[PDB]
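Okay, so here's just one chain, in structure tokens, the form deposited in one PDB entry.
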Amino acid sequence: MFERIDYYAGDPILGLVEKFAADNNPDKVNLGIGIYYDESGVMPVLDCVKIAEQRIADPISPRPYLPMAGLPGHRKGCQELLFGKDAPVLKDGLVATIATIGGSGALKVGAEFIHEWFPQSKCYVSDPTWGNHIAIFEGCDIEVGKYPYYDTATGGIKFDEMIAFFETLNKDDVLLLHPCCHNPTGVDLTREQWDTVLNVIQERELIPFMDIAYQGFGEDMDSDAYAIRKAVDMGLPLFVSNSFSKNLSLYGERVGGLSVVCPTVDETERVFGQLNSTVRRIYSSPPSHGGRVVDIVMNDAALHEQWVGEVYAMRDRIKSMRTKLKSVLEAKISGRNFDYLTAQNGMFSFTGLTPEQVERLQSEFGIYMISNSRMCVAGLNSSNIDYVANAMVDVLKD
């Protein structure tokens, strides 16, 4: 019956974790997945989340469906985090926001909405990007291409090329953008680049579709949202998919949001309505448990403040890993430059290791990165840093 159904090759990032469990090298190390681990190498349970879940757990409550859009306070916490507490665009009722099944479900609901209402829009993703952006958009029958971003040769951005490419795009073509903490390269635009990008976006009338899964891991919560809040100020038709997977350490609960910034309240009404309708035909409504945790942490003034501190500890450990690895590597290999390690932002780093050298890391050391050189900096900690730095030094010499 199903003989023609192709095998699924598997998710790239996952068949790699698979491969990692199977290695029995003692000092092995997963730097391949995009998960935050702390100093001891485990996924934190945030204290704020812990309190929120104690509240959810007492009493165990009835479990009716959430609204299609999710919990009002979940959607409000997404909006405030992204646009700023009490931002004008929110006072004006100019953002249609739903809770979504992770940042992944936000991209999906946004792509389905775009596919339906702007069927001629094409989407362009950064070259390179998180592989899933492409499959999600294409899974909607949206035509997907790449804009020039990372410059392999310099490790910076092909800024002029990128802008030049934006200038060829049609009205309402979508650009799928990373406000900060680029994945996979860690190489981010400066504010000035953003202003330039957003000017082109306004001038060409493109749809900016910002995907933010690491807010608070770049510089701080507000700075990381610069490109969003500035698109807002510029009256752009900004779509924002946001994920709480990483900054709430709550991957498995599937908590994110999708927000669409509208010129007028009537358009918010129309967009919001259709967002709900698009939710309905997909999974009907989102998960209560994750919703509540977001609702309670975002809107409880003290848990909110605590959460911000916990996210910033995560942000700083990654920075100190970057700093530590850079100085370790620069002590141990002469005349090589690892500035990229500290110029990059967030969980990811494009190490500039060759696909071959990434192999050597697997085989000779049981250190896993993605073959494109992406490393998850959060996989490094003081117990493994010296073994990883050394394995890198070794591998940078055949």
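Sequential numbering from 1, following the sequence displayed. If you superpose the two forms and keep the largest set of C-alpha atoms that fall within 1.5 Å, you have the rigid core.
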{"item": "Greater Cα displacement in 5 other deposited structures of this protein once the core is superposed, comparing 225-233 with 322-330", "value": "322-330"}
{"item": "Segment of higher mean CA temperature factor, 242-250 or 141-149", "value": "141-149"}
{"item": "Average Cα temperature factor in the PDB entry - higher stretch of 274-282, 315-323", "value": "315-323"}
{"item": "Residue, from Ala69, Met43, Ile60, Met369, that the PDB entry assigns the highest Cα B-factor", "value": "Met369"}
{"item": "Criterion, highest CA B-factor; candidates, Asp27, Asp38, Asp47, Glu53", "value": "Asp27"}
{"item": "Ranked against its chain, the third holding the CA B-factor of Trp194", "value": "middle"}
{"item": "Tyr340 - which third its CA temperature factor falls in, relative to the rest of the chain", "value": "highest"}
{"item": "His74 CA temperature factor, ranked by third within the chain", "value": "lowest"}
{"item": "CA B-factor placement of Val328, once the chain's modelled residues are sorted into thirds", "value": "highest"}
{"item": "Modelled-residue ranking by C-alpha temperature factor, third containing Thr100", "value": "lowest"}
